[PDB]
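Methodologically, a virtual Cβ is constructed for each residue, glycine included, from the backbone with ideal geometry; neighbour enumeration extends over all protein chains shown. None of the figures in this text is laboratory data; all of them are computed from the coordinates on show.
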Amino acid sequence: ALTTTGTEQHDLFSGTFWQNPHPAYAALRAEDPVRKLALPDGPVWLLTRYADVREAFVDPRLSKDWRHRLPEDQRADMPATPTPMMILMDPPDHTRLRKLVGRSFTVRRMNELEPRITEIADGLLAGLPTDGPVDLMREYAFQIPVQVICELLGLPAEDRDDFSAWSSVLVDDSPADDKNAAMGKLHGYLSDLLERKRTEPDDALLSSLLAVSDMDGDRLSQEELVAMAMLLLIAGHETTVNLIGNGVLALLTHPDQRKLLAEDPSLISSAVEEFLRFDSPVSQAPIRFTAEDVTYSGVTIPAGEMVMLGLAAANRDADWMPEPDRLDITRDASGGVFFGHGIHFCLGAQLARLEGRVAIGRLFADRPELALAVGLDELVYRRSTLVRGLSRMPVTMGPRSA
Ligand code: HEM
Ligand SMILES: C=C1CC[C@H](O)C/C1=C\C=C1/CCC[C@]2(C)[C@@H]([C@H](C)CCCC(C)(C)O)CC[C@@H]12
Ligand SMILES: [Ca+2]
Ligand SMILES: [Ca+2]
Ligand SMILES: [Ca+2]
């Protein structure tokens, strides 16, 4: 397996890394900040220093076009993406699609969801038992964002078990064959769903976008439309859930910070920025491809290579954040690469922040005796190069606040 070089040897993307990657990240930052990882599916580079990561995000030599892996001899015949999602594109197609969908994630729009998000969270909390076993992931942290995304897009509730399964395979260490099958089922499901929406539209996002596409197919093609729906669905299942989980765990493991939040519940939005920094839910940005040689921290990555920007790593870089290993919900947050940076900056950043503060804020308000029901060392994490996420979180809710 892989380990960090230098003065300290820590497992990388195997072994102890899944439980707690943060020591490994620190050893990478200190001693190997531009690291080639000889992973099973092929080598991937990893940048972990904050200044390198932040600038890389605006370096066009680090492209989303996967054809850069190929010699020029082979790029001509090949599609620009495996699925035409904007996160897998460079400008101009990225610019067009982002501008288009960005129109539905305007500042007033997401906030007008607060009342419903709160009702969803409050309903979930009222349904949780006082001391029987609760997996806080499946029963709360997962449920809030999935319900919100289903309502925002107009996804049938009856189909949730099917598409939640396809979604999870795409984001973890599942075999390439399995991922290809999952994407196929999701593409088919959403294609069929859009066909049905044409005949009976609703007021939710997928109908609105289908209408745009119907009116002007050069602004949004049918295939782009399905790929957008797929991207938004998967983001709705696999991101915010781990802000909730990781943030809850941070409070559970830091009584001092939990006490500060209990004493000033209004710290919750500052607290959310701090959870995003301290245990970033998107651990490595999805892959970029070197379109030419690039040099970071004295290390040249050749053209044609795959590159992850290490967000969890960079957000604990002491060169950027003093005492980066300290959880401090009172920090006046600024910078931070947990939502990315530049043209692909998280489309859902406002929505995730709102979901996060509602879910975590209301949970601790409703159940101020919440506690883990296992030791910290018994917690199981997902194996993924994309997400830092608990597989389950055994808790005891304790009594509802009076
Ligand atoms: C919950 C915490 C979330 C985190 C930590 C997060 C993280 C990120 C990051 C790091 C990127 C940039 C990736 C890169 O440049 O390679 C990104 C982009 C993106 N995110 Fe989020 N995300 C979250 C929630 C969401 C939600 C709720 C949505 C639903 C709308 C969403 C939709 C998107 C989309 C569509 C992009 C692609 C944007 C573009 O290419 O222009 N995200 N996210
Ligand atoms: C969770 C997050 C974190 C970052 C954003 O919020 C959006 C998001 C997920 C959805 C993603 C992540 C980037 C690339 C993904 C994983 C796509 C794959 C590259 C599609 C091709 C899959 C395969 C293996 C069939 O060839 C499918 C859904 C996309
Ligand atoms: Ca119940
Ligand atoms: Ca309508
Ligand atoms: Ca500095």
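Quick one: in region 65-75, which of the residues that are of a type in the set (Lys, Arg) and within 16 Å of ligand 2 (Cβ to nearest atom) is farthest from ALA314 (Cα to Cα)? My answer is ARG67.
Right, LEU232: within 15 Å of ligand 2 (Cβ to nearest atom) and assigned to a helix (DSSP H, G or I) or not? Yes. Return the total of residues in region 72-113 being among the basic types (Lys, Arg) and in contact with a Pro (Cβ under 7 Å, 6 or more places away or on another chain). So the answer is 0.
Determine, yes or no, whether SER174 is within 16 Å of ligand 2 (Cβ to nearest atom), under 30 Å from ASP41 (Cα atoms) and touching a residue at least 60 places away in the same chain (Cβ under 8 Å). Steps first, answer last, please.
Values: within 16 Å of ligand 2 (Cβ to nearest atom): yes; under 30 Å from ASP41 (Cα atoms): yes; touching a residue at least 60 places away in the same chain (Cβ under 8 Å): no.
Taking the combined requirement at face value, the residue does not satisfy it.
Considering region 334-349, and only residues there that are buried (at least 17 other Cβ atoms within 10 Å of the Cβ) and more than 6 Å from ligand 1 (Cβ to nearest atom), the residue that is nearest to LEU97 (Cα to Cα) turns out to be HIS341. Taken over region 181-212, residues that are closer than 18 Å to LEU152 by Cα and within 16 Å of ligand 4 (Cβ to nearest atom) amount to 17. No other residue among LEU12, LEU62, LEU47 is farther than 15 Å from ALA312 by Cα, crowded, with 16+ Cβ neighbours inside 10 Å, among the aliphatic types (A, V, I, L, M) and away from ligand 5 (no atom under 16 Å from the Cβ) apart from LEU62. Scanning region 66-80 for residues that are buried (at least 18 other Cβ atoms within 10 Å of the Cβ) and either polar (S, T, N, Q) or within 25 Å of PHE338 (Cα to Cα) (or both) turns up just one, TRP66. For region 247-284, a residue qualifies if it is in contact with a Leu (Cβ under 6 Å, 6 or more places away or on another chain) and assigned to a loop (DSSP other than H, G, I, E, B), and the qualifying residues are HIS254, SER280, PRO281.
Condition test on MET397, is it within 16 Å of ligand 3 (Cβ to nearest atom), crowded, with 20+ Cβ neighbours inside 10 Å and under 21 Å from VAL134 (Cα atoms)?
Working: within 16 Å of ligand 3 (Cβ to nearest atom): yes; crowded, with 20+ Cβ neighbours inside 10 Å: yes; under 21 Å from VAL134 (Cα atoms): yes.
For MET397, the condition - within 16 Å of ligand 3 (Cβ to nearest atom), crowded, with 20+ Cβ neighbours inside 10 Å and under 21 Å from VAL134 (Cα atoms) - is met.
Of the residues in region 252-272, none is within 24 Å of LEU28 (Cβ to Cβ), surrounded by fewer than 18 Cβ atoms within 10 Å (Cβ to Cβ) and within 16 Å of ligand 5 (Cβ to nearest atom). One residue stands out among those in region 44-91 that are among the acidic types (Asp, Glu) and out of contact with any strand residue (DSSP E or B) (no Cβ under 9 Å at 6 or more places or on another chain): the one that is farthest from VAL294 (Cα to Cα), which is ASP77. The residues in region 135-159 that are more than 28 Å from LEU372 (Cα to Cα), among the charged types (D, E, K, R) and in contact with a helix residue (DSSP H, G or I) (Cβ under 9 Å, 6 or more places away or on another chain) can be counted, and the count is 2.
Quick one: in region 135-188, of everything that is among the aromatic types (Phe, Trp, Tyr) and within 16 Å of ligand 3 (Cβ to nearest atom), which residue is surrounded by the most Cβ atoms within 10 Å (Cβ to Cβ)? Please lay out each step first, then the result.
So in region 135-188, the residues among the aromatic types (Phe, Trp, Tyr) come out as 140, 142, 163, 166.
Retained after the next criterion (residues that are within 16 Å of ligand 3 (Cβ to nearest atom)): 140, 142.
Details: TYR140: 25, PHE142: 23.
Out of the qualifying residues, it is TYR140.
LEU155 meets each of the listed conditions (1) more than 16 Å from ligand 1 (Cβ to nearest atom); (2) under 26 Å from the mean Cα position of the chain (by Cα); (3) assigned to a loop (DSSP other than H, G, I, E, B) apart from (1). Quick check, is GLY361 more than 16 Å from ligand 3 (Cβ to nearest atom) and farther than 16 Å from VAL248 by Cα? So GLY361 does not fit the description; no. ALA38 meets all of the listed conditions (1) in contact with a strand residue (DSSP E or B) (Cβ under 9 Å, 6 or more places away or on another chain); (2) closer than 16 Å to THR300 by Cα but one, namely (2).
Return yes or no: is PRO84 under 22 Å from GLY340 (Cα atoms), surrounded by 20 or more Cβ atoms within 10 Å (Cβ to Cβ) and more than 16 Å from ligand 4 (Cβ to nearest atom)? So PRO84 passes the test.
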